[PDB]
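Taking the entry's author numbering, the leading residue of the sequence shown gets 1, the next gets one more, and so forth. We put the beta carbon where it would ideally sit given N, CA and C, even for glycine.
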Amino acid sequence: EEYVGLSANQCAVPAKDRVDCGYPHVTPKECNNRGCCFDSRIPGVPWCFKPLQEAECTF
Numbered sequence: 001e002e003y004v005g006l007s008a009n010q011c012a013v014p015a016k017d018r019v020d021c022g023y024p025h026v027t028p029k030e031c032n033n034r035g036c037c038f039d040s041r042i043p044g045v046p047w048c049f050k051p052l053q054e055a056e057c058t059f
């Protein structure tokens with residue numbers, strides 16, 4: 001209800017919540033350019049993953 005991704009909010013997953021966008025040439029710009037979120041923190045997880053299901057209920 002604002003849309004203004006300035007940080008890695010959308011891409012602020014613990015890695016254990018990655019939906020894996022599934023991309024070949026994923027990068028900190030290309031993966032986020034193709035249409036999704038990128039990450040290189042850990043390979044184990046899907047470097048390129050969907051944007052955390054931004055939500056707010058309580059705490």
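Item: Can you name, in chain order, every residue of its own chain whose Cβ lies under 7 Å from the Cβ of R18, other than the five neighbours on each side?; Value: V45, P46, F49
Item: With H, G and I counted as helix, E and B as strand and the rest as coil, what does DSSP make of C37?; Value: strand
Item: Enumerate in chain order the residues of its own chain whose CB-to-CB distance from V26 is below 7 Å, with the five nearest sequence positions on each side excluded.; Value: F38, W47, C48
Item: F49 bridges to which residues according to DSSP?; Value: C37
Item: My guess is that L52 and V4 are in contact by the Cβ rule of under 8 Å, so how many angstroms apart are they, rounded?; Value: Rounded, the Cβ-Cβ distance is 15 Å, inconsistent with contact.
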